[PDB]
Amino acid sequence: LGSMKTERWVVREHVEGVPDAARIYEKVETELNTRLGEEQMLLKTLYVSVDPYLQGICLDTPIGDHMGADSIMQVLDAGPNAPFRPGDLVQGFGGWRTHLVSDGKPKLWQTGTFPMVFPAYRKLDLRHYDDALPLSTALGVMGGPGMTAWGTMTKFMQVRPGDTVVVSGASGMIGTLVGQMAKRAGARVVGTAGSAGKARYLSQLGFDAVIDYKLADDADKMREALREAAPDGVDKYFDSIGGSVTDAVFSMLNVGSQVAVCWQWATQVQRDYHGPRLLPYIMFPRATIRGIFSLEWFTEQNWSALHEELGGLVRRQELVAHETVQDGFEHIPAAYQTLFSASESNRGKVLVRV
């Protein structure tokens, strides 16, 4: 029936550590056969996400394959038994491609460090989106990142009035959502952030203290900074960084504390693989530590619940969900790069509109 030219960002070289996106990725033109299988759809990409967790997915991606990524897509054509119809908008792991063919079923990540399964594509309904909660939020506060923060705060962490809550890597959408949900529950909220500008942004979002993690680059300096910012100890810790900040938080865990492990930037990106053993510090505190893998919460009931509980708060700007949307498919690797190298100007969820 035909073909169409497309563009893809493919993985040209594996580079450990902080990504050098200009070296890692190559933009290629790809002729795509558009004859559809019975359950297959042709999809046009509208938005893609860039996220730190892509750094390790990339390293597990075979050379020459396209870079996976969360995306918003529009069904251009569909086989008779396709899960979605032409004109439908869907969210799913479509990757850094202008167009793609897929049946939208769950897909095992065959080369992954962990055998994760990417979920089935999710149908979006325009009627839930307005200028206050735009369609792009299906990749942020109404998408994965929102589900990560909200699932953690309603399914694991039980913040109580007077808790002290610490958020490492708090400048992004997930950490600021966590921080604001904790403040609404009556907590004192401490975060870490990378510049004076971000620190004042977090403060004006409700954070009681913000530590400059670049200045406090040791566990000693971090302990010092945490003892000032959290004088009564730490009841909850939402951890995206690991490394020396986490070592310091574990020196001051209160009885009954909870730790959610959302990411470990210090290990995955900075290759800080060794350090003080932490389990010796959780016995007397009876601390509970839980790894987060928010894919487990991708259910219809949870999305409806997220839209209900979070959608209202957001559109009134009570709970603040910002985004930084770059324009242009050719700029996806550069937007990704800012996460690691030039984040000072970024606010909320960084996306690219294609």
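Between two forms, the rigid core is defined as the largest C-alpha subset superposing within 1.5 Å. Counting begins at 1, following the sequence as shown.
Which of the two stretches, 212-220 versus 103-111, has its Cα atoms farther on average from this form in 4 other deposited structures of this protein when everything is superposed by the rigid core? Checking 212-220 against 103-111 in 4 other deposited structures of this protein, I find the farther stretch is 212-220.
Find the stretch among 19-27 and 342-350 with the larger RMS C-alpha deviation in 4 other deposited structures of this protein, all structures being superposed on the shown form by the rigid core. Once the cores are fitted, 342-350 deviates more in 4 other deposited structures of this protein.
Between the two ranges 153-161 and 92-100, the one averaging a larger CA B factor in the entry: Between 153-161 and 92-100, it is 153-161 that shows the higher mean C-alpha B-factor.
Which has the higher mean CA temperature factor in the PDB entry, 260-268 or 228-236? Between 260-268 and 228-236, it is 228-236 that shows the higher mean C-alpha B-factor.
Per the coordinate record, which of the options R35, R286, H66, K27 holds the highest CA temperature factor? So the option with the highest C-alpha B-factor is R35.
For the C-alpha B-factor as written in the entry, point me to the maximum among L108, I282, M173, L215. In the PDB entry, the greatest C-alpha B-factor among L108, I282, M173, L215 is found at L215.
Comparing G169 with the other modelled residues of its chain, is its CA B-factor in the lowest, middle or highest third? Lowest third of the chain for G169's C-alpha B-factor.
Among all modelled residues of this chain, ranked by Cα B factor, put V320 in the bottom, middle or top third, i.e. lowest, middle or highest. As the PDB entry reports it, the C-alpha B-factor of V320 lands in the highest third of its chain.
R353 by Cα B-factor - lowest, middle or highest third of the modelled chain: It belongs to the middle third of the chain when residues are ordered by C-alpha B-factor.
Using only modelled residues of the chain, where does the Cα B factor of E344 rank: lowest third, middle third or highest third? Tercile = highest for this residue's CA B-factor.
Which third, lowest, middle or highest, does the C-alpha temperature factor of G275 belong to within its own chain? Ranked within chain, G275 CA B lands in the middle tercile.
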